[PDB]
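Remarks on the structure that follows.
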Amino acid sequence: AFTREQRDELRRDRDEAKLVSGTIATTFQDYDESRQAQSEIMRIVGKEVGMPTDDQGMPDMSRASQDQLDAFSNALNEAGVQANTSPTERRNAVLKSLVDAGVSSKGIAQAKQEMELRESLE
Amino acid sequence: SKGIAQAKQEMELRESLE
Amino acid sequence: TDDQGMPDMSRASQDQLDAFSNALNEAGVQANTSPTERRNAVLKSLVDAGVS
Numbered sequence: 210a211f212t213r214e215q216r217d218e219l220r221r222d223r224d225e226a227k228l229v230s231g232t233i234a235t236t237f238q239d240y241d242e243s244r245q246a247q248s249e250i251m252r253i254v255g256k257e258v259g260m261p262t263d264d265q266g267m268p269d270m271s272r273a274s275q276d277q278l279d280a281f282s283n284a285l286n287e288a289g290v291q292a293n294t295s296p297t298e299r300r301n302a303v304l305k306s307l308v309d310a311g312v313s314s315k316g317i318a319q320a321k322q323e324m325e326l327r328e329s330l331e
Numbered sequence: 314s315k316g317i318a319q320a321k322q323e324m325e326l327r328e329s330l331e
Numbered sequence: 262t263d264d265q266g267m268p269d270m271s272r273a274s275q276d277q278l279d280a281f282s283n284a285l286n287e288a289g290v291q292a293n294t295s296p297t298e299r300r301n302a303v304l305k306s307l308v309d310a311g312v313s
């Protein structure tokens, strides 16, 4: 009966690890999709205003038709405060449904490496 | 000793959340 | 080919804005093989599933 108890605990830990990994991955995907959706909505609004993507987005950042405060619609969101995809916001978004239950010191703590890596991706 | 000492990691993580 | 590509860099007949066709790409913005663009490209098909 104890070896049974021991390995039941081990299997519980492994299942919790896989579940937290899956929930983390889907939450990160959901947040990235939300960010790209709001970014593309803001870009649609901007092209409606008239600026054609400023001048360039990949090489560097340059001037546009107007710098700031062009219209209330542009300033309402600004794609997250001038595209301020701060890491802290992403950590808060992914941890908001993670500390609900069923996590311990071997949970989010080791997941911090994966958070850091996915942040280093972009 | 093996309680709050390691739980300080959990409190630090909670502070880092907000 | 400007003057040389292997030993070092050198001047050419024209410096920049030679034509619209070149200005369109410039071989990835002047051959900007940034590590971040390669990491994103390789990872785009990796984090889809089955990773830890």
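Each protein sequence line maps, in turn, to chains A, B and C.
For the first sequence, full-length UniProt numbering begins at 210 and goes up steadily by one.
For the second sequence, full-length UniProt numbering begins at 314 and goes up steadily by one.
For the third sequence, full-length UniProt numbering begins at 262 and goes up steadily by one.
All C-beta atoms, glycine included, are put in the ideal place defined by N, C-alpha and C.
Between the options, which lies nearest to residue i when the distance is taken from Cα to Cα?
i: C:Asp309; options: A:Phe237, A:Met324 and A:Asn301; result: A:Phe237
i: A:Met260; options: A:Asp222, A:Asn283 and A:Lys227; result: A:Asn283
i: A:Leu228; options: A:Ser329, A:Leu330, A:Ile317 and A:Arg216; result: A:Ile317
i: residue 169 of chain A; options: A:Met324, A:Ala280, A:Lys315 and A:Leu304; result: An answer regarding residue 169 of chain A cannot be provided, because it is not within the stretch 210 to 331 covered by chain A.
i: A:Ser230; options: A:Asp241, A:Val258, A:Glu331 and A:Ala320; result: A:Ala320
i: B:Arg327; options: A:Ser313, A:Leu326, A:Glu328 and A:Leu330; result: A:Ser313
i: C:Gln291; options: A:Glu287, A:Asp276, A:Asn301 and A:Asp269; result: A:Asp269
i: A:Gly289; options: A:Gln215, A:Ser243, A:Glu257 and A:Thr232; result: A:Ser243
For residue i, go through chain B and note every residue whose CB falls closer than 9 Å to its CB, in chain order.
i: A:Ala318; result: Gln322, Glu323 and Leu326
Going by DSSP, what residue range makes up the alpha helix (DSSP H) through residue i?
i: A:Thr235; result: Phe211 to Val258
i: C:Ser295; result: Neither: C:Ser295 is in no alpha helix (DSSP H) and is coded neither H nor E.
i: B:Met324; result: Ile317 to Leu330
i: A:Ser282; result: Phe281 to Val290
With a 10 Å radius around its C-beta and 16 neighbouring C-beta atoms as the bar for buried, classify residue i as buried or exposed.
i: residue 202 of chain C; result: Since the first residue shown for chain C is 262 and the last is 313, residue 202 of chain C is missing from the structure and cannot be characterised.
i: A:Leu304; result: buried
i: C:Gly266; result: exposed
i: residue 194 of chain A; result: Since the displayed chain A opens at 210 and closes at 331, residue 194 of chain A lies outside it and no answer follows.
i: A:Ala234; result: buried
Run through chain A and tell me which residues come within less than 7 Å of residue i, C-beta to C-beta.
i: C:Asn283; result: In chain order: nothing, as chain A lies at least about 14 Å away.
In chain C, which residues lie with their C-beta within 7 Å of the C-beta of residue i?
i: A:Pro296; result: Chain C residues near A:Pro296: none, gap ~15 Å exceeds 7 Å.
i: A:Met267; result: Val290
i: A:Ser230; result: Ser313
i: A:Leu330; result: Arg300, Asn301 and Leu304
Give me the chain B residues within the contact set of residue i, using Cβ-Cβ distance strictly less than 7 Å, ordered along the chain.
i: A:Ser314; result: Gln319, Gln322 and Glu323
i: A:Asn293; result: Within chain B, no residue comes near A:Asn293; the closest Cβ sits about 17 Å away, beyond 7 Å.
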